[PDB]
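my_file18.pdb (PDB, C-alpha atoms and all ligand atoms) appears below.
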```pdb
ATOM      1  CA  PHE A   3      25.385 -46.020   8.786
ATOM      2  CA  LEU A   4      26.234 -42.331   8.477
ATOM      3  CA  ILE A   5      26.061 -42.805   4.722
ATOM      4  CA  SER A   6      22.758 -44.678   5.060
ATOM      5  CA  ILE A   7      21.503 -41.572   6.857
ATOM      6  CA  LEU A   8      22.703 -39.381   3.981
ATOM      7  CA  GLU A   9      20.813 -41.494   1.461
ATOM      8  CA  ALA A  10      17.704 -41.257   3.633
ATOM      9  CA  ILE A  11      17.698 -37.477   4.045
ATOM     10  CA  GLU A  12      18.770 -36.670   0.470
ATOM     11  CA  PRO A  13      16.057 -34.277  -0.828
ATOM     12  CA  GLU A  14      13.457 -35.454  -3.317
ATOM     13  CA  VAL A  15      13.429 -33.966  -6.830
ATOM     14  CA  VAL A  16      12.378 -30.313  -7.063
ATOM     15  CA  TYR A  17      10.370 -29.055 -10.047
ATOM     16  CA  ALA A  18      10.754 -25.568 -11.465
ATOM     17  CA  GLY A  19       7.062 -25.034 -12.192
ATOM     18  CA  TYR A  20       8.222 -23.651 -15.528
ATOM     19  CA  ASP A  21       5.658 -22.744 -18.217
ATOM     20  CA  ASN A  22       6.949 -23.754 -21.643
ATOM     21  CA  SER A  23       4.097 -21.839 -23.299
ATOM     22  CA  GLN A  24       5.987 -18.605 -22.538
ATOM     23  CA  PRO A  25       8.846 -17.139 -24.648
ATOM     24  CA  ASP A  26      12.339 -18.013 -23.401
ATOM     25  CA  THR A  27      13.618 -14.478 -22.934
ATOM     26  CA  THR A  28      16.569 -13.883 -20.625
ATOM     27  CA  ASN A  29      14.169 -12.301 -18.128
ATOM     28  CA  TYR A  30      11.874 -15.333 -18.001
ATOM     29  CA  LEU A  31      14.648 -17.913 -17.975
ATOM     30  CA  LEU A  32      16.526 -16.225 -15.116
ATOM     31  CA  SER A  33      13.371 -15.476 -13.120
ATOM     32  CA  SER A  34      12.366 -19.111 -13.660
ATOM     33  CA  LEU A  35      15.726 -20.382 -12.419
ATOM     34  CA  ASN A  36      15.505 -18.132  -9.356
ATOM     35  CA  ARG A  37      12.034 -19.468  -8.552
ATOM     36  CA  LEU A  38      13.479 -22.975  -8.768
ATOM     37  CA  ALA A  39      16.284 -21.845  -6.450
ATOM     38  CA  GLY A  40      13.786 -20.645  -3.868
ATOM     39  CA  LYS A  41      12.100 -24.051  -3.861
ATOM     40  CA  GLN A  42      15.447 -25.837  -3.668
ATOM     41  CA  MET A  43      16.454 -23.628  -0.732
ATOM     42  CA  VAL A  44      13.571 -25.051   1.286
ATOM     43  CA  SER A  45      14.854 -28.556   0.536
ATOM     44  CA  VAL A  46      18.434 -27.575   1.375
ATOM     45  CA  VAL A  47      17.614 -26.133   4.808
ATOM     46  CA  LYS A  48      15.462 -29.119   5.767
ATOM     47  CA  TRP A  49      18.393 -31.256   4.613
ATOM     48  CA  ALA A  50      21.003 -29.355   6.630
ATOM     49  CA  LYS A  51      18.905 -29.713   9.788
ATOM     50  CA  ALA A  52      18.752 -33.488   9.324
ATOM     51  CA  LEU A  53      22.514 -33.818   8.903
ATOM     52  CA  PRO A  54      24.123 -35.669  11.826
ATOM     53  CA  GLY A  55      26.016 -32.963  13.697
ATOM     54  CA  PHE A  56      24.569 -29.826  12.104
ATOM     55  CA  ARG A  57      22.081 -29.300  14.939
ATOM     56  CA  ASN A  58      24.994 -29.417  17.397
ATOM     57  CA  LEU A  59      26.314 -26.157  15.945
ATOM     58  CA  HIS A  60      25.211 -22.729  17.130
ATOM     59  CA  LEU A  61      22.141 -21.288  15.407
ATOM     60  CA  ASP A  62      24.170 -18.442  13.915
ATOM     61  CA  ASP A  63      26.733 -20.918  12.594
ATOM     62  CA  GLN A  64      24.005 -22.973  10.926
ATOM     63  CA  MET A  65      22.666 -19.803   9.296
ATOM     64  CA  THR A  66      26.094 -18.509   8.254
ATOM     65  CA  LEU A  67      27.074 -21.839   6.692
ATOM     66  CA  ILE A  68      23.882 -22.115   4.648
ATOM     67  CA  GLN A  69      24.102 -18.555   3.339
ATOM     68  CA  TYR A  70      27.774 -18.868   2.390
ATOM     69  CA  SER A  71      27.400 -22.201   0.603
ATOM     70  CA  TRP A  72      23.899 -22.438  -0.864
ATOM     71  CA  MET A  73      25.152 -21.583  -4.368
ATOM     72  CA  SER A  74      27.866 -24.250  -4.219
ATOM     73  CA  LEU A  75      25.364 -26.848  -2.978
ATOM     74  CA  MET A  76      22.850 -26.155  -5.753
ATOM     75  CA  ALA A  77      25.496 -25.997  -8.475
ATOM     76  CA  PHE A  78      27.034 -29.275  -7.240
ATOM     77  CA  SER A  79      23.641 -31.040  -7.211
ATOM     78  CA  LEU A  80      22.948 -29.569 -10.655
ATOM     79  CA  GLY A  81      26.164 -31.203 -11.826
ATOM     80  CA  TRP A  82      25.042 -34.551 -10.419
ATOM     81  CA  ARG A  83      21.582 -34.433 -11.980
ATOM     82  CA  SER A  84      23.060 -33.372 -15.315
ATOM     83  CA  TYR A  85      25.516 -36.271 -15.053
ATOM     84  CA  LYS A  86      22.989 -38.984 -14.196
ATOM     85  CA  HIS A  87      20.304 -37.763 -16.616
ATOM     86  CA  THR A  88      22.206 -36.401 -19.623
ATOM     87  CA  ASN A  89      25.718 -37.721 -19.081
ATOM     88  CA  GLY A  90      26.824 -34.099 -18.788
ATOM     89  CA  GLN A  91      25.444 -32.890 -22.132
ATOM     90  CA  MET A  92      22.714 -30.585 -20.811
ATOM     91  CA  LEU A  93      22.010 -28.764 -17.557
ATOM     92  CA  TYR A  94      19.227 -30.624 -15.757
ATOM     93  CA  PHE A  95      18.069 -27.784 -13.494
ATOM     94  CA  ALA A  96      14.743 -29.590 -13.009
ATOM     95  CA  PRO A  97      12.748 -32.333 -14.764
ATOM     96  CA  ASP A  98      10.565 -29.609 -16.283
ATOM     97  CA  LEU A  99      13.427 -27.208 -16.994
ATOM     98  CA  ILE A 100      16.365 -28.682 -18.910
ATOM     99  CA  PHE A 101      18.826 -26.261 -20.497
ATOM    100  CA  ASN A 102      19.826 -27.119 -24.030
ATOM    101  CA  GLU A 103      22.046 -25.060 -26.319
ATOM    102  CA  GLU A 104      19.229 -22.632 -27.153
ATOM    103  CA  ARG A 105      18.411 -21.897 -23.523
ATOM    104  CA  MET A 106      22.062 -21.461 -22.564
ATOM    105  CA  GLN A 107      22.270 -18.861 -25.347
ATOM    106  CA  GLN A 108      19.133 -16.936 -24.431
ATOM    107  CA  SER A 109      20.047 -17.050 -20.725
ATOM    108  CA  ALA A 110      22.745 -14.401 -21.292
ATOM    109  CA  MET A 111      25.084 -16.482 -19.096
ATOM    110  CA  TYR A 112      26.392 -19.084 -21.558
ATOM    111  CA  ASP A 113      29.850 -18.981 -19.957
ATOM    112  CA  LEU A 114      28.481 -19.682 -16.472
ATOM    113  CA  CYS A 115      26.358 -22.471 -17.945
ATOM    114  CA  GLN A 116      29.485 -24.047 -19.416
ATOM    115  CA  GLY A 117      31.262 -23.661 -16.092
ATOM    116  CA  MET A 118      28.468 -25.586 -14.402
ATOM    117  CA  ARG A 119      28.392 -28.179 -17.184
ATOM    118  CA  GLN A 120      32.143 -28.741 -16.700
ATOM    119  CA  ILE A 121      31.417 -29.890 -13.154
ATOM    120  CA  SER A 122      28.997 -32.400 -14.619
ATOM    121  CA  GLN A 123      31.687 -33.532 -17.067
ATOM    122  CA  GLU A 124      34.107 -34.082 -14.180
ATOM    123  CA  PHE A 125      31.548 -36.377 -12.563
ATOM    124  CA  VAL A 126      31.553 -38.244 -15.874
ATOM    125  CA  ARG A 127      35.353 -38.412 -16.149
ATOM    126  CA  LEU A 128      35.746 -39.616 -12.563
ATOM    127  CA  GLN A 129      32.592 -41.743 -12.604
ATOM    128  CA  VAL A 130      31.654 -40.373  -9.190
ATOM    129  CA  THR A 131      29.552 -42.788  -7.142
ATOM    130  CA  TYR A 132      26.344 -41.761  -5.419
ATOM    131  CA  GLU A 133      28.015 -42.337  -2.066
ATOM    132  CA  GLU A 134      31.026 -40.168  -2.929
ATOM    133  CA  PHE A 135      28.628 -37.487  -4.195
ATOM    134  CA  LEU A 136      26.622 -37.480  -0.954
ATOM    135  CA  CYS A 137      29.687 -37.161   1.257
ATOM    136  CA  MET A 138      31.216 -34.466  -0.967
ATOM    137  CA  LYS A 139      27.990 -32.472  -0.832
ATOM    138  CA  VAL A 140      28.103 -32.286   2.970
ATOM    139  CA  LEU A 141      31.693 -31.083   2.728
ATOM    140  CA  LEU A 142      30.563 -28.171   0.543
ATOM    141  CA  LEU A 143      28.200 -27.051   3.322
ATOM    142  CA  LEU A 144      31.294 -27.028   5.549
ATOM    143  CA  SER A 145      33.835 -25.408   3.194
ATOM    144  CA  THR A 146      33.041 -21.680   3.247
ATOM    145  CA  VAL A 147      33.453 -20.139   6.701
ATOM    146  CA  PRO A 148      33.832 -16.707   8.386
ATOM    147  CA  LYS A 149      37.435 -15.487   8.466
ATOM    148  CA  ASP A 150      36.881 -14.564  12.114
ATOM    149  CA  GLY A 151      35.721 -18.065  12.978
ATOM    150  CA  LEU A 152      32.560 -19.804  14.141
ATOM    151  CA  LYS A 153      30.936 -19.839  17.573
ATOM    152  CA  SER A 154      31.071 -23.631  17.604
ATOM    153  CA  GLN A 155      34.500 -24.147  16.018
ATOM    154  CA  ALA A 156      35.286 -27.265  18.052
ATOM    155  CA  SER A 157      31.992 -28.895  17.072
ATOM    156  CA  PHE A 158      32.431 -27.732  13.468
ATOM    157  CA  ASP A 159      35.979 -29.080  13.182
ATOM    158  CA  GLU A 160      34.784 -32.370  14.622
ATOM    159  CA  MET A 161      31.885 -32.586  12.172
ATOM    160  CA  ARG A 162      34.018 -31.759   9.139
ATOM    161  CA  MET A 163      36.578 -34.455   9.935
ATOM    162  CA  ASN A 164      33.849 -37.047  10.418
ATOM    163  CA  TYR A 165      32.454 -36.349   6.955
ATOM    164  CA  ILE A 166      35.919 -36.326   5.399
ATOM    165  CA  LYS A 167      36.484 -39.716   7.036
ATOM    166  CA  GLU A 168      33.124 -40.812   5.627
ATOM    167  CA  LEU A 169      34.265 -39.793   2.149
ATOM    168  CA  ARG A 170      37.376 -41.946   2.405
ATOM    169  CA  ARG A 171      35.068 -44.753   3.528
ATOM    170  CA  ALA A 172      32.944 -44.350   0.392
ATOM    171  CA  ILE A 173      36.167 -44.254  -1.616
ATOM    172  CA  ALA A 174      37.382 -47.536  -0.132
ATOM    173  CA  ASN A 178      41.035 -51.676  -3.392
ATOM    174  CA  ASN A 179      44.685 -50.532  -3.169
ATOM    175  CA  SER A 180      45.741 -47.864  -0.623
ATOM    176  CA  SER A 181      47.614 -45.722  -3.155
ATOM    177  CA  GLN A 182      44.576 -46.007  -5.426
ATOM    178  CA  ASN A 183      42.336 -44.727  -2.627
ATOM    179  CA  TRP A 184      44.768 -41.871  -2.007
ATOM    180  CA  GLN A 185      44.692 -40.910  -5.669
ATOM    181  CA  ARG A 186      40.883 -40.977  -5.592
ATOM    182  CA  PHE A 187      40.840 -38.719  -2.536
ATOM    183  CA  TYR A 188      43.279 -36.389  -4.279
ATOM    184  CA  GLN A 189      41.064 -36.195  -7.374
ATOM    185  CA  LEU A 190      37.739 -35.841  -5.584
ATOM    186  CA  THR A 191      39.003 -33.070  -3.298
ATOM    187  CA  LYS A 192      40.472 -31.286  -6.322
ATOM    188  CA  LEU A 193      36.919 -31.221  -7.683
ATOM    189  CA  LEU A 194      35.666 -29.836  -4.352
ATOM    190  CA  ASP A 195      38.279 -27.072  -4.388
ATOM    191  CA  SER A 196      37.350 -26.196  -7.995
ATOM    192  CA  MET A 197      33.856 -25.211  -6.837
ATOM    193  CA  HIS A 198      35.129 -21.991  -5.226
ATOM    194  CA  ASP A 199      36.200 -20.308  -8.465
ATOM    195  CA  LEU A 200      33.010 -21.397 -10.232
ATOM    196  CA  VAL A 201      30.786 -20.189  -7.396
ATOM    197  CA  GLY A 202      32.636 -16.876  -7.393
ATOM    198  CA  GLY A 203      31.367 -16.320 -10.922
ATOM    199  CA  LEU A 204      27.855 -17.587 -10.202
ATOM    200  CA  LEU A 205      27.511 -15.322  -7.172
ATOM    201  CA  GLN A 206      28.826 -12.312  -9.087
ATOM    202  CA  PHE A 207      26.021 -12.554 -11.641
ATOM    203  CA  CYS A 208      23.563 -13.440  -8.868
ATOM    204  CA  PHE A 209      24.392 -10.322  -6.834
ATOM    205  CA  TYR A 210      24.415  -8.150  -9.964
ATOM    206  CA  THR A 211      20.945  -9.197 -11.174
ATOM    207  CA  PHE A 212      19.657  -9.176  -7.602
ATOM    208  CA  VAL A 213      20.803  -5.597  -7.080
ATOM    209  CA  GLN A 214      19.066  -4.507 -10.296
ATOM    210  CA  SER A 215      16.191  -7.005 -10.051
ATOM    211  CA  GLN A 216      13.384  -4.534 -10.763
ATOM    212  CA  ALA A 217      15.276  -2.645 -13.462
ATOM    213  CA  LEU A 218      16.275  -5.819 -15.324
ATOM    214  CA  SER A 219      12.968  -7.576 -14.666
ATOM    215  CA  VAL A 220      14.759 -10.535 -13.093
ATOM    216  CA  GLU A 221      12.594 -11.831 -10.282
ATOM    217  CA  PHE A 222      13.830 -13.419  -7.065
ATOM    218  CA  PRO A 223      11.539 -15.207  -4.601
ATOM    219  CA  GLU A 224      11.514 -13.939  -1.001
ATOM    220  CA  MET A 225      13.094 -17.198   0.146
ATOM    221  CA  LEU A 226      16.156 -16.033  -1.797
ATOM    222  CA  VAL A 227      15.873 -12.275  -1.327
ATOM    223  CA  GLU A 228      16.250 -12.586   2.439
ATOM    224  CA  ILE A 229      19.430 -14.659   2.186
ATOM    225  CA  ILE A 230      21.107 -12.705  -0.603
ATOM    226  CA  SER A 231      20.235  -9.424   1.137
ATOM    227  CA  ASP A 232      22.386 -10.376   4.140
ATOM    228  CA  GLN A 233      24.958 -12.556   2.362
ATOM    229  CA  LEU A 234      25.897  -9.953  -0.255
ATOM    230  CA  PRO A 235      27.446  -7.346   2.069
ATOM    231  CA  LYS A 236      29.268 -10.072   4.028
ATOM    232  CA  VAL A 237      30.855 -11.509   0.884
ATOM    233  CA  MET A 238      31.520  -8.067  -0.582
ATOM    234  CA  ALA A 239      33.267  -7.068   2.637
ATOM    235  CA  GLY A 240      35.401 -10.194   2.340
ATOM    236  CA  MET A 241      34.247 -11.822   5.559
ATOM    237  CA  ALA A 242      34.301 -15.371   4.200
ATOM    238  CA  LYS A 243      37.143 -17.731   3.301
ATOM    239  CA  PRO A 244      37.330 -21.196   1.733
ATOM    240  CA  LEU A 245      38.641 -24.311   3.476
ATOM    241  CA  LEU A 246      40.765 -25.867   0.743
ATOM    242  CA  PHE A 247      42.113 -29.403   0.429
ATOM    243  CA  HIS A 248      45.027 -28.498  -1.864
ATOM    244  CA  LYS A 249      47.763 -25.917  -2.411
TER
HETATM  245  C1  LIG B 301      20.530 -21.476  -8.073
HETATM  246  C2  LIG B 301      20.550 -21.958  -9.525
HETATM  247  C3  LIG B 301      19.196 -22.545  -9.898
HETATM  248  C4  LIG B 301      18.946 -23.862  -9.184
HETATM  249  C5  LIG B 301      19.968 -24.749  -9.503
HETATM  250  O1  LIG B 301      19.724 -25.941  -9.690
HETATM  251  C6  LIG B 301      21.256 -24.267  -9.716
HETATM  252  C7  LIG B 301      21.560 -22.912  -9.644
HETATM  253  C8  LIG B 301      22.894 -22.548  -9.825
HETATM  254  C9  LIG B 301      23.086 -21.354 -10.746
HETATM  255  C10 LIG B 301      22.167 -20.225 -10.316
HETATM  256  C11 LIG B 301      20.762 -20.781 -10.467
HETATM  257  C12 LIG B 301      19.680 -19.713 -10.336
HETATM  258  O2  LIG B 301      19.509 -19.276  -8.981
HETATM  259  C13 LIG B 301      19.938 -18.528 -11.257
HETATM  260  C14 LIG B 301      21.341 -17.994 -11.017
HETATM  261  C15 LIG B 301      21.523 -17.468  -9.602
HETATM  262  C16 LIG B 301      22.335 -19.097 -11.321
HETATM  263  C17 LIG B 301      23.638 -18.334 -11.168
HETATM  264  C18 LIG B 301      23.347 -17.055 -11.946
HETATM  265  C19 LIG B 301      21.827 -16.986 -12.045
HETATM  266  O3  LIG B 301      21.416 -17.400 -13.356
HETATM  267  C20 LIG B 301      21.310 -15.569 -11.783
HETATM  268  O4  LIG B 301      21.987 -14.722 -11.200
HETATM  269  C21 LIG B 301      19.971 -15.212 -12.431
HETATM  270  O5  LIG B 301      19.405 -14.092 -11.745
END
```

Using the file provided, produce a representation of the structure as structure tokens.
Amino acid sequence: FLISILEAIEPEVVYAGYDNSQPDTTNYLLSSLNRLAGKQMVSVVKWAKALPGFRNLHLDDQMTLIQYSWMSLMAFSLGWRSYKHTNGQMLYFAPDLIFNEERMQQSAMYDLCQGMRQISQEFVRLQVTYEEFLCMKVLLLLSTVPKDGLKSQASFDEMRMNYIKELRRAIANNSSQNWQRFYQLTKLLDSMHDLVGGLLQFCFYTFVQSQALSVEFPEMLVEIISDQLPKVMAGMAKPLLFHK
């Protein structure tokens, strides 16, 4: 039933509003992706608020969690869309904005694009189910926390365990087989941290020199990155890993 709720609140597809009549310069591609991000952010917040248990957390905890994990959430969903739509061959940012080889090249971030595509390829290798995907996604929202703790730790800890339990539910044949599956899926979750570190680095860099580099960011994103950046730079956040 918790999973049925996840399927119900899963956001609808978000379009980039991209104009293919324009040249695909790095400036336009990145500004276009950031505009898409702003629209996705709206969907993400509405989603977080509908998650059983999220509301129970303090308002500052809800805000902190979203700002620390939005990049992981969007990159993870990107991996899923790319998996279901292109079997991991292209990056399906949006129905109207699919990144092929040419776009990855002109984006100036080919390496990050391949890092994101690798997530999609892991979905392929593991044949991740929609249910596993949904549970894993919630876990990402709950896997980057303040080193000094949350105001609703008890509630947070409770919520996290419930969703981890839900994941094992989605996973469940043989017990050892289920254990192996949990091992593999959580390895994928842990792998998001290093990827996101690279995504955020380029995000903060272009954000800081937005005007100079002509890379536009919507206000929906500017507000969040403005506050998040110093917190991350100061090293206030830590990951909640599943493996050594
Ligand atoms: C959020 C986003 C776009 C929506 C989406 O489905 C997935 C992502 C993940 C990668 C993000 C990307 C954009 O936001 C543009 C970013 C943020 C890129 C990481 C580097 C980036 O290309 C950047 O820094 C351009 O300025």

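Using all atoms listed in the file for every distance, the candidate list A:90, A:148, A:40, A:19 yields A:40 as the residue closest to ligand LIG 301 (chain B).
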
task: Give me the residues within 12 Å of residue 231 in chain A as a PyMOL selection string, counting all atoms listed in the file and dropping any in the same chain fewer than 5 places off.
output: chain A and resi 69+208-210+212-213+222-226+236-238

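Each of A:61, A:220, A:152, A:234 was checked against ligand LIG 301 (chain B) using all atoms listed in the file; the smallest atom-to-atom distance is that of A:220.
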
- prompt: Pick the closest to residue 95 in chain A from A:193, A:230, A:144, A:31: which is it, counting all atoms listed in the file?
  reply: A:31

- request: Take the PyMOL selection byres (((chain A and resi 86) around 12) and not hetatm), apply it to the structure above, and return the hits as JSON, numbers by chain.
  value: {"A": [79, 80, 81, 82, 83, 84, 85, 87, 88, 89, 90, 91, 92, 93, 94, 122, 123, 125, 126, 129, 130, 131, 132, 135]}

Residue list as a ChimeraX atom specification for point (17.4, -10.3, -14.9), cut-off 8 Å, only C-alpha atoms: /A:28-29,32-33,211-212,214-215,218-221

query: Given the file above and the PyMOL selection byres (((chain A and resi 133) around 10) and not hetatm), which residues are selected, and can you give them as an MDAnalysis selection string?
result: chainID A and resid 5:6 8:9 130:132 134:139 168:169 171:173

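From CA of residue 109 in chain A back to CA of residue 140 in chain A, the distance works out to 29.3 Å.
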
Centre, x/y/z edge lengths, axis-aligned box for ligand LIG 301 (chain B) with 8 Å per side, as AutoDock Vina command-line options:
```
--center_x 21.3 --center_y -20.0 --center_z -10.7 --size_x 20.7 --size_y 27.8 --size_z 21.3
```

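Candidate residues A:7, A:44, A:18, A:161 were compared for distance to ligand LIG 301 (chain B), and the nearest is A:18, using only C-alpha atoms and all ligand atoms.
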
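CA of residue 201 in chain A is positioned 21.4 Å from CA of residue 103 in chain A.
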
task: Could you please determine the separation between CA of residue 229 in chain A and CA of residue 71 in chain A in Å, to one decimal place?
output: 11.1 Å

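Closest to residue 70 in chain A among A:240, A:25, A:13, A:55 is A:240, based on all atoms listed in the file.
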
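Nearest to ligand LIG 301 (chain B) of all the residues A:54, A:235, A:202, A:151 is A:202, based on only C-alpha atoms and all ligand atoms.
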
task: Determine, counting only C-alpha atoms, every residue of protein, DNA or RNA that lies within 9 Å of (13.3, -28.5, -3.2) in the file coordinates, then give the result as a VMD selection string.
output: chain A and resid 13 to 17 38 to 46

If you keep C-alpha atoms, can you produce a file of those selected residues as an mmCIF file, in the coordinates of the input?
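Output file again08.cif follows:
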```cif
data_model
loop_
_atom_site.group_PDB
_atom_site.id
_atom_site.type_symbol
_atom_site.label_atom_id
_atom_site.label_comp_id
_atom_site.auth_asym_id
_atom_site.auth_seq_id
_atom_site.Cartn_x
_atom_site.Cartn_y
_atom_site.Cartn_z
ATOM 1 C CA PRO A 13 16.057 -34.277 -0.828
ATOM 2 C CA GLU A 14 13.457 -35.454 -3.317
ATOM 3 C CA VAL A 15 13.429 -33.966 -6.830
ATOM 4 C CA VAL A 16 12.378 -30.313 -7.063
ATOM 5 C CA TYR A 17 10.370 -29.055 -10.047
ATOM 6 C CA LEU A 38 13.479 -22.975 -8.768
ATOM 7 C CA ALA A 39 16.284 -21.845 -6.450
ATOM 8 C CA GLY A 40 13.786 -20.645 -3.868
ATOM 9 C CA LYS A 41 12.100 -24.051 -3.861
ATOM 10 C CA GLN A 42 15.447 -25.837 -3.668
ATOM 11 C CA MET A 43 16.454 -23.628 -0.732
ATOM 12 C CA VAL A 44 13.571 -25.051 1.286
ATOM 13 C CA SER A 45 14.854 -28.556 0.536
ATOM 14 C CA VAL A 46 18.434 -27.575 1.375
#
```

With all atoms listed in the file as the counted atoms, please give the residues lying no more than 12 Å from residue 64 in chain A, apart from itself and same-chain residues fewer than 4 positions off, as a PDB file with C-alpha atoms, in the frame of the given file.
```
ATOM      1  CA  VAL A  46      18.434 -27.575   1.375  1.00  0.00           C
ATOM      2  CA  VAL A  47      17.614 -26.133   4.808  1.00  0.00           C
ATOM      3  CA  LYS A  48      15.462 -29.119   5.767  1.00  0.00           C
ATOM      4  CA  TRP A  49      18.393 -31.256   4.613  1.00  0.00           C
ATOM      5  CA  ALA A  50      21.003 -29.355   6.630  1.00  0.00           C
ATOM      6  CA  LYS A  51      18.905 -29.713   9.788  1.00  0.00           C
ATOM      7  CA  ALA A  52      18.752 -33.488   9.324  1.00  0.00           C
ATOM      8  CA  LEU A  53      22.514 -33.818   8.903  1.00  0.00           C
ATOM      9  CA  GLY A  55      26.016 -32.963  13.697  1.00  0.00           C
ATOM     10  CA  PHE A  56      24.569 -29.826  12.104  1.00  0.00           C
ATOM     11  CA  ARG A  57      22.081 -29.300  14.939  1.00  0.00           C
ATOM     12  CA  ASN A  58      24.994 -29.417  17.397  1.00  0.00           C
ATOM     13  CA  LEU A  59      26.314 -26.157  15.945  1.00  0.00           C
ATOM     14  CA  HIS A  60      25.211 -22.729  17.130  1.00  0.00           C
ATOM     15  CA  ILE A  68      23.882 -22.115   4.648  1.00  0.00           C
ATOM     16  CA  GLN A  69      24.102 -18.555   3.339  1.00  0.00           C
ATOM     17  CA  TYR A  70      27.774 -18.868   2.390  1.00  0.00           C
ATOM     18  CA  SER A  71      27.400 -22.201   0.603  1.00  0.00           C
ATOM     19  CA  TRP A  72      23.899 -22.438  -0.864  1.00  0.00           C
ATOM     20  CA  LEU A 143      28.200 -27.051   3.322  1.00  0.00           C
ATOM     21  CA  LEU A 144      31.294 -27.028   5.549  1.00  0.00           C
ATOM     22  CA  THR A 146      33.041 -21.680   3.247  1.00  0.00           C
ATOM     23  CA  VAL A 147      33.453 -20.139   6.701  1.00  0.00           C
ATOM     24  CA  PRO A 148      33.832 -16.707   8.386  1.00  0.00           C
ATOM     25  CA  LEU A 152      32.560 -19.804  14.141  1.00  0.00           C
ATOM     26  CA  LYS A 153      30.936 -19.839  17.573  1.00  0.00           C
ATOM     27  CA  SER A 154      31.071 -23.631  17.604  1.00  0.00           C
ATOM     28  CA  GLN A 155      34.500 -24.147  16.018  1.00  0.00           C
ATOM     29  CA  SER A 157      31.992 -28.895  17.072  1.00  0.00           C
ATOM     30  CA  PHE A 158      32.431 -27.732  13.468  1.00  0.00           C
TER      31      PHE A 158
END
```
